[PDB]
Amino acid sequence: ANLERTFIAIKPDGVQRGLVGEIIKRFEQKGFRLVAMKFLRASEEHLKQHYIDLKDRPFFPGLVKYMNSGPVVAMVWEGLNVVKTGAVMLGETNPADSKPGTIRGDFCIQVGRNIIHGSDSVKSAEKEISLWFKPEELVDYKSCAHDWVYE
């Protein structure tokens, strides 16, 4: 009954390279419902919170600097298995392993410029939704094609 949500952020390279519309189209055409969306330059402290699990990695400062180097598009999407399916659609974390047809497979080359983030679990998703969105920014509506996407 198809209420799972995931957090997806188009990274500053995705914005800079003019991919926002293309990426959103992929999620819309698949049948997922856009729940929330905002555009911002994320603060350093916010990004450190987001990537708290990577804080002791040598690449972490560079990741935070890159993730703050331009605006991101932050989104929440709803649908059956949106967490795992969203991850499939994005492609492997490293664009190198990413297959053609996927977002990273189609559009990027290096892991440190891999255009998009998607939650890696339901638990991570709910943390990330809380971090990036106030509850009232999550919009409840019913898609007109819902009964053709779901039995």
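The first residue of the shown sequence is 1; numbering continues from there.
Given the B-factors recorded for C-alpha atoms, which segment has the greater mean, 32 to 40 or 56 to 64?
Averaging CA B-factors over each stretch, the winner is 56 to 64.
Return whichever of 87 to 95 and 114 to 122 has the greater mean Cα B factor according to the PDB record.
The entry gives the higher C-alpha B-factor average to 87 to 95.
Between 25, 11, 17, 142, which one tops the list for Cα B-factor in this entry?
Highest C-alpha B-factor among the listed residues goes to 142.
Tell me, lowest, middle or highest third: where does the Cα B factor of residue 49 rank within its chain?
Ranked within chain, residue 49 CA B lands in the highest tercile.
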